[PDB]
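Working notes, structure below.
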Amino acid sequence: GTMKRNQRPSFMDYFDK
Amino acid sequence: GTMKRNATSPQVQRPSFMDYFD
Amino acid sequence: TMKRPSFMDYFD
Amino acid sequence: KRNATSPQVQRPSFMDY
Amino acid sequence: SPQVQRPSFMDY
Amino acid sequence: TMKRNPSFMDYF
Amino acid sequence: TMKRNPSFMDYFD
Amino acid sequence: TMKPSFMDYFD
Amino acid sequence: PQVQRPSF
Amino acid sequence: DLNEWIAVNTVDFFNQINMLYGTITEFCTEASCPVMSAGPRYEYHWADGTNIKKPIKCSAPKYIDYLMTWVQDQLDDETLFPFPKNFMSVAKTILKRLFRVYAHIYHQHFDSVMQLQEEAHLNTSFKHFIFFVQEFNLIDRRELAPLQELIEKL
Amino acid sequence: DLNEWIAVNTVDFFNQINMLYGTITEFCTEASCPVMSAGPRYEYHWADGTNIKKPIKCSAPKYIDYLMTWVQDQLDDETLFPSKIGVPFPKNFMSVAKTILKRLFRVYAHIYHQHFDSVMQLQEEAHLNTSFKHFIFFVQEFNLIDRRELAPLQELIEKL
Amino acid sequence: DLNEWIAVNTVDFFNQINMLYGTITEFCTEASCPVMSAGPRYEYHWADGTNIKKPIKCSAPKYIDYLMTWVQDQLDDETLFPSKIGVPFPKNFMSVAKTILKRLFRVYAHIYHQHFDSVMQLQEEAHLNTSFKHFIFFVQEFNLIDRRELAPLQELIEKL
Amino acid sequence: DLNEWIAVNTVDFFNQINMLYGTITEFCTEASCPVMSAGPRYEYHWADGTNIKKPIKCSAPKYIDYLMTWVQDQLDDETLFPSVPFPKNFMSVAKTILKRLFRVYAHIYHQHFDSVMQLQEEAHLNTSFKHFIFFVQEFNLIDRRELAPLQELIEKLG
Amino acid sequence: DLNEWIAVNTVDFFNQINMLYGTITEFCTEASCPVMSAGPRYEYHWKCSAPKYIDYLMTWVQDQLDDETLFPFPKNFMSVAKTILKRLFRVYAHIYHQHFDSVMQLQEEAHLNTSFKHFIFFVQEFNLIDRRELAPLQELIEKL
Amino acid sequence: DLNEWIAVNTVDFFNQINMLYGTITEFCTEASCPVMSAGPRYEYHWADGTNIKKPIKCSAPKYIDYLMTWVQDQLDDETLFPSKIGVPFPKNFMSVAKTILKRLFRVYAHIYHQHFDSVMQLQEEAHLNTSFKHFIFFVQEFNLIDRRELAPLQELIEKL
Ligand SMILES: [Zn+2]
Ligand SMILES: [Zn+2]
Ligand SMILES: [Zn+2]
Ligand SMILES: [Zn+2]
Ligand SMILES: [Zn+2]
Ligand SMILES: [Zn+2]
């Protein structure tokens with residue numbers, strides 16, 4: 001397949017306000 | 001008289017600009 | 001260039 | 001000198017604009 | 001109906 | 001225009 | 001020429 | 001008027 | 001080679 | 001002394017209201033405002049005593065038009081605005097009627113004002129206006145009814 | 001960076017306008033729309049003006065033709081719309097973008113006032129509204145059109 | 001755009017200052033005020049761009065005379081302050097307004113510094129204070145005068 | 001009708017993503033991004049193609065390059081995008097493009113969002129992404145599983 | 001190495017202090033600040049006024065910075081540098097205590113704090129000022 | 001007025017950079033640095049002085065040499081950087097400040113890329129980093145340099 005699946009993402013912290 | 005006081009329907013609602021001052 | 005109420009019913 | 005007046009400068013009304 | 005394309009970033 | 005080198009402020 | 005014996009710190013909290 | 005590994009220091 | 005701005 | 005202060009302020013607020021009303025005049029129409037009003041509860045009919053005795057029920061655009069012409073004519077009257085015996089009486093009637101333009105704008109066009117981002121300007125002008133008339137009691141509490149809750153907040 | 005954003009959005013809404021008008025071109029004729037207007041109260045006259053320094057009174061379909069051809073000519077101008085990161089924006093770019101957007105706005109105004117019936121008949125009102133909403137938010141954030149030009153749709157703008 | 005609001009305020013305060021200055025014109029003379037000043041520390045020199053360039057050190061009554069006609073000439077200048085919506089504000093308008101407001105401020109300072117005694121005798125302090133407060137609120141909200149220019153009355157401004 | 005709508009939107013977001021990726025293209029390199037990914041759990045391999053089996057493992061810079069080149073030619077195809085009616089498999093093609101364009105958003109948010117904020121383009125990326133997601137939602141042009149890498153983000157925008 | 005760093009910092013902050021004090025020199029008068037102090041509990045002698053001390057100070061500092069034999073290093077250079085920085089600190093202390101309200105009115109609180117922060121981290125870098133001299137602003141410093 | 005604050009910092013950082021480069025100028029030679037660069041991808045040519053127009057390809061020692069004399073000359077220009085309170089900032093001042101800061105940045109970039117080794121030997125890593133952090137925090141707050149120019153240190157800028 002062209003799409004593969006294998007600590008929170010850090011950009012989400014920008015939205016937590 | 002130049003100024004007339006009506007008797008409004010009770011369906012009338014608070015003017016929009018008052019909840020601006022809320 | 002620039003010089004001198006029907007559709008608005010849809011948004012009410 | 002003696003131009004100590006109150007001009008009371010008016011802007012035109014909304015009509016006439 | 002143009003559907004104007006800006007350039008691919010790799011070209012840009 | 002302007003060049004550098006109070007008895008009313010007592011009221012306040 | 002220094003010798004010992006809060007009007008702005010309210011700004012910082 | 002306009003056209004490497006020092007960043008290892010920050011680890 | 002320092003540049004100090006004026007006092008007053 | 002006191003007359004001159006009222007005169008200059010009367011002229012100043014004439015300018016401010018015309019500027020403010022100017023921002024929404026195209027949105028104040030025969031269809032939108034069939035009558036001069038400050039909410040459903042308060043409508044005004046035009047009269048100036050000399051030309052119009054029996055007050056005419058007219059639209060907000062037309063009422064305000066009649067008004068500003070009437071007001072503008074007096075400001076240009078050297079016998080009234082250099083004082084005459086009746087100056088205060090003249091000033092109060094002007095101020096009393098200019099207030100109604102504020103009332104119409106708040107009630108009928110406040111959304112357009114905010115959209116045009118002129119709400120602060122309107123409020124600042126109104127605040128200055130109300131404080132001005134209250135100090136010298138140039139307008140009766142009865143006349144201020146349409147905006148009394150707002151005035152109390154000031 | 002701010003320029004690049006203005007550029008891509010200017011192109012994007014231009015594409016959106018041409019698509020939307022395309023769906024209703026049959027309803028916009030010389031007979032249906034003898035002049036460029038956004039209701040009886042608002043009429044517009046075309047001028048380039050380098051090619052035409054005297055505003056022309058023409059029909060809505062033809063003006064839109066002048067408009068869209070005029071706008072596209074500028075979009076294809078590399079000195080205005082750089083195709084390379086190595087070519088800087090002209091000093092007046094924003095002024096140019098503002099002028100385009102000011103005139104692109106008039107197409108929304110004409111469609112809403114004279115052909116909204118036709119838009120709905122095609123069941124494309126949401127798309128028109130979606131396109132317009134994005135457009136208005138873009139121009140307001142960057143002050144790309146003065147309040148006086150936006151008059152014909154003030155009530156609509158207030159609702160969005 | 002903010003041009004009309006700034007315009008009406010500039011006119012309004014212009015009217016107020018002449019009224020305020022008018023009440024004390026009898027107390028402002030060549031002997032009392034040989035120069036335009038706002039305390040010993042602050043003297044001002046007059047220079048209108050069209051007639052007088054190299055600034056003149058002159059008395060307070062005359063500077064204000066030079067000043068008020070100068071400002072008024074601009075107010076009666078249709079090209080600067082449009083009486084019609086179809087005439088735009090000039091591009092340098094904002095800059096013009098600031099210079100007017102900047103010089104108008106100096107009239108407050110002189111009245112406060114040298115003639116507050118006469119104001120109090122007339123029991124006219126509230127009018128001056130009210131006018132001044134409103135004026136300062138206006139120029140500060142829009143940064144129409146540089147902080148240094150406001151120096152002569154800084155302590156008073158802080159109390160407001 | 002709906003086909004014209006998908007057409008302009010596909011082109012528009014193609015434009016928006018390229019400018020946006022363009023702003024950080026120098027910071028997306030072979031060393032920084034050895035693989036095309038959107039967080040540790042989401043990796044992508046490039047494929048074009050026909051009997052897709054053992055597609056290509058490539059870098060993020062190269063993957064995105066391969067992509068835009070692939071997308072761009074379809075956009076230039078008059079038989080697909082009339083500048084002539086739309087072909088029947090048009091929808092499927094648009095879905096494949098939109099599905100793959102999404103991955104650039106995902107990569108940028110996951111791997112280069114710090115650079116975006118420093119460049120002061122956070123609002124622009126968010127605006128573009130919001131519009132993009134709202135567009136695909138109306139017609140389900142991307143299934144919920146494909147949107148997985150940004151599902152938490154998608155929830156905040158709405 | 002270290003001498004050149006302190007020199008440039010001393011010169012740089014000298015520029016900053018004069019600019020910052022400059023925004024309020026008119027409002028710092030014989031009447032407003034009759035003495036050099038940073039609140040009632042902390043007074044400094046060069047007795048003279050706050051306006052005069054800083055004038056005495058900055059003219060004195062200016063002479064040192066222009067001294068090629070001091071600031072091209074002499075062995076006592078460090079002590080001289082420590083002496084200067086210690087006194088420059090007193091201007092911060094005075095401004096915070098006596099004129100902070102006026103600063104915000106002019107909207108320079110951010111600039112003063114930034115200057116102060118950079119300054120304090122600098123003197124702390126080499127402990128160029130003893131803890132006791134920094135007493136008048138002790139509460140502010142930990143918050144930074 | 002924002003101008004006085006920007007002035008001292010421009011002066012402040014000009015001083016810091018000359019000092020820092022001073023510590024390693026002997027290790028920056030025509031042989032070590034045949035061109036002014038900030039990593040392999042970034043080379044700079046000297047121009048927009050009115051003396052030298054056609055950007056000249058030269059070594060880093062010379063580029064930095066031409067730069068600092070040019071910057072210093074502007075600082076000593078009373079018409080550009082007023083030494084008097086009674087003298088206003090020129091109308092184009094802000095623009096002048098940006099060009100200086102933009103090129104001053106290039107010295108940071110060159111030192112980091114080509115001379116960080118000697119800096120660590122001198123135990124000056126903290127000093128260079130402290131100066132740069134202050135520099136970047138200053139320029140970002142007032143948008144004095146376009147980010148496109150800041151590319152050579154983007155990764156470093158993010159960690160601070
Ligand atoms: Zn109305
Ligand atoms: Zn039509
Ligand atoms: Zn006088
Ligand atoms: Zn990457
Ligand atoms: Zn003091
Ligand atoms: Zn080198």
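Each chain in the structure tokens gets a letter, A, B, ..., in the order shown, and its residues are numbered from 1; ligands are numbered from 1 in order too.
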
| task | Give as a ChimeraX atom specification the residues surrounding ligand 6 up to a distance of 9 Å, considering only C-alpha atoms and all ligand atoms. | result | /O:24-25,27-30,32-37,59-61,107,110-111,113-115

Please write out the residues within 12 Å of ligand 4 as JSON, numbers by chain, counting only C-alpha atoms and all ligand atoms. {"M": [21, 22, 23, 24, 25, 26, 27, 28, 29, 30, 31, 32, 33, 34, 35, 36, 37, 38, 39, 43, 58, 59, 60, 61, 62, 63, 64, 65, 103, 104, 105, 106, 107, 108, 109, 110, 111, 112, 113, 114, 115, 116]}

- request: Residues within 10 Å of ligand 1, counting only C-alpha atoms and all ligand atoms: report them as JSON, numbers by chain.
  value: {"J": [21, 24, 25, 26, 27, 28, 29, 30, 31, 32, 33, 34, 35, 36, 37, 38, 59, 60, 61, 62, 64, 101, 103, 104, 105, 106, 107, 108, 109]}

Can you spit out the residues from that selection as a compact mmCIF listing (two decimals), in the first residue's frame, using N, CA, C and O atoms?
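So the final result, stored in selection-v3.txt, reads:
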# COMPACT_ATOMS: atom_id res chain seq x y z
N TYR J 21 -23.94 59.44 11.24
CA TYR J 21 -25.11 59.05 10.46
C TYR J 21 -24.68 58.79 9.02
O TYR J 21 -25.23 57.93 8.34
N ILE J 24 -23.87 55.26 7.67
CA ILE J 24 -24.94 54.28 7.46
C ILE J 24 -26.16 54.85 6.72
O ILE J 24 -27.20 54.20 6.67
N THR J 25 -26.02 56.04 6.14
CA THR J 25 -27.15 56.69 5.48
C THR J 25 -27.73 55.90 4.30
O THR J 25 -28.94 55.95 4.06
N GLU J 26 -26.89 55.17 3.56
CA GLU J 26 -27.39 54.38 2.43
C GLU J 26 -28.18 53.18 2.92
O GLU J 26 -29.00 52.62 2.19
N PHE J 27 -27.93 52.80 4.16
CA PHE J 27 -28.57 51.64 4.76
C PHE J 27 -29.78 52.08 5.59
O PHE J 27 -30.49 51.25 6.15
N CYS J 28 -29.97 53.39 5.67
CA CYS J 28 -31.16 53.97 6.29
C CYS J 28 -32.08 54.45 5.17
O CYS J 28 -31.86 55.53 4.60
N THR J 29 -33.09 53.65 4.84
CA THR J 29 -33.94 53.91 3.68
C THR J 29 -35.44 53.92 3.99
O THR J 29 -35.86 53.64 5.11
N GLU J 30 -36.23 54.23 2.96
CA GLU J 30 -37.68 54.23 3.06
C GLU J 30 -38.22 52.85 3.41
O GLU J 30 -39.20 52.72 4.14
N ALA J 31 -37.56 51.82 2.89
CA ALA J 31 -37.99 50.44 3.11
C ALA J 31 -37.54 49.93 4.47
O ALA J 31 -38.28 49.21 5.15
N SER J 32 -36.34 50.31 4.87
CA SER J 32 -35.77 49.85 6.13
C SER J 32 -36.36 50.60 7.32
O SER J 32 -36.58 50.02 8.38
N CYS J 33 -36.61 51.89 7.13
CA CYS J 33 -37.06 52.76 8.21
C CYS J 33 -38.24 53.63 7.77
O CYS J 33 -38.07 54.82 7.54
N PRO J 34 -39.43 53.02 7.64
CA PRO J 34 -40.63 53.72 7.18
C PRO J 34 -41.03 54.89 8.07
O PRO J 34 -41.77 55.77 7.63
N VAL J 35 -40.55 54.89 9.31
CA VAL J 35 -40.83 55.97 10.25
C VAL J 35 -39.58 56.35 11.03
O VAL J 35 -38.65 55.55 11.17
N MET J 36 -39.55 57.58 11.55
CA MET J 36 -38.49 57.98 12.46
C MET J 36 -38.78 57.35 13.81
O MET J 36 -39.78 57.68 14.44
N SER J 37 -37.91 56.45 14.25
CA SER J 37 -38.14 55.74 15.49
C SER J 37 -36.86 55.38 16.22
O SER J 37 -35.77 55.44 15.67
N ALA J 38 -37.04 55.01 17.49
CA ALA J 38 -35.95 54.55 18.34
C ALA J 38 -36.43 53.27 19.00
O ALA J 38 -36.61 53.20 20.22
N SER J 59 -40.66 59.17 7.29
CA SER J 59 -39.63 58.15 7.46
C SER J 59 -38.40 58.70 8.18
O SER J 59 -38.21 59.91 8.29
N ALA J 60 -37.56 57.80 8.69
CA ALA J 60 -36.35 58.20 9.39
C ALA J 60 -35.41 58.98 8.48
O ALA J 60 -34.90 60.03 8.88
N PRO J 61 -35.17 58.49 7.25
CA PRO J 61 -34.33 59.27 6.34
C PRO J 61 -34.84 60.69 6.13
O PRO J 61 -34.06 61.63 6.06
N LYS J 62 -36.16 60.82 6.00
CA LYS J 62 -36.76 62.11 5.71
C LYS J 62 -36.79 63.01 6.94
O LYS J 62 -36.56 64.21 6.84
N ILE J 64 -34.73 62.96 9.56
CA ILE J 64 -33.37 63.40 9.82
C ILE J 64 -32.94 64.44 8.80
O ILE J 64 -32.16 65.34 9.11
N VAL J 101 -31.37 61.22 16.70
CA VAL J 101 -30.59 60.59 15.65
C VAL J 101 -29.73 59.48 16.25
O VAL J 101 -29.60 58.41 15.67
N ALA J 103 -30.53 57.82 18.90
CA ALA J 103 -31.49 56.80 19.30
C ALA J 103 -31.87 55.90 18.12
O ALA J 103 -31.99 54.69 18.28
N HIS J 104 -32.06 56.50 16.96
CA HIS J 104 -32.41 55.75 15.76
C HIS J 104 -31.27 54.83 15.35
O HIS J 104 -31.47 53.66 15.03
N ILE J 105 -30.05 55.37 15.38
CA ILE J 105 -28.86 54.62 14.99
C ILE J 105 -28.63 53.41 15.88
O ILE J 105 -28.37 52.32 15.39
N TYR J 106 -28.72 53.60 17.20
CA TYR J 106 -28.51 52.48 18.12
C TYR J 106 -29.55 51.40 17.89
O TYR J 106 -29.22 50.22 17.83
N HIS J 107 -30.80 51.80 17.75
CA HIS J 107 -31.90 50.86 17.65
C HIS J 107 -31.97 50.16 16.29
O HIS J 107 -32.22 48.96 16.23
N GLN J 108 -31.72 50.90 15.21
CA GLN J 108 -31.98 50.40 13.86
C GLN J 108 -30.73 50.02 13.05
O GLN J 108 -30.83 49.25 12.10
N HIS J 109 -29.57 50.57 13.42
CA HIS J 109 -28.38 50.41 12.58
C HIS J 109 -27.10 50.04 13.33
O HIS J 109 -26.00 50.23 12.80

I'd like a table as CSV: residues in chain N with an atom no more than 9 Å from chain I, each row giving the shortest atom pair and its distance in Å to one decimal, only C-alpha atoms counted, sorted by chain and rising residue number.
residue,atom,partner,partner_atom,distance
N:7,CA,I:2,CA,8.5
N:8,CA,I:2,CA,6.5
N:11,CA,I:4,CA,6.1
N:12,CA,I:4,CA,7.0
N:14,CA,I:4,CA,7.5
N:15,CA,I:5,CA,5.5
N:16,CA,I:5,CA,8.8
N:18,CA,I:7,CA,5.8
N:19,CA,I:7,CA,8.0
N:22,CA,I:8,CA,7.5
N:55,CA,I:7,CA,8.8
N:58,CA,I:7,CA,6.9
N:59,CA,I:7,CA,7.6
N:62,CA,I:7,CA,8.0
N:65,CA,I:4,CA,8.3
N:72,CA,I:1,CA,8.2

- Could you pull the residues within 9 Å of residue K:139, counting only C-alpha atoms, minus those fewer than 6 positions along the same chain, as a ChimeraX atom specification? /K:98,101,145

Emit the selected residues as a compact mmCIF listing (two decimals), in the first residue's frame, including C-alpha atoms.
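File produced: selection_27.txt:
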# COMPACT_ATOMS: atom_id res chain seq x y z
CA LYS K 98 -6.55 45.69 -4.12
CA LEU K 101 -10.23 42.48 -5.71
CA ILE K 145 -11.44 46.97 -0.16

**Study point:** Environment of ligand 5 within 6 Å, counting only C-alpha atoms and all ligand atoms, reported as a list in words
**Key:** residues 28, 33, 50 and 98 of chain N

Could you write out that same residue set with C-alpha atoms as a JSON list (two decimals), in the first residue's frame?
[["chain", "number", "residue", "atom", "x", "y", "z"],
["N", 28, "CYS", "CA", 12.98, 63.73, 36.93],
["N", 33, "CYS", "CA", 13.42, 63.29, 43.03],
["N", 50, "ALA", "CA", 18.59, 62.39, 41.68],
["N", 98, "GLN", "CA", 10.22, 56.72, 41.37]]

request  = Could you list the residues in chain E lying within 6 Å of chain M, using only C-alpha atoms, and format the result as a PyMOL selection string?
outcome  = chain E and resi 3+6+9
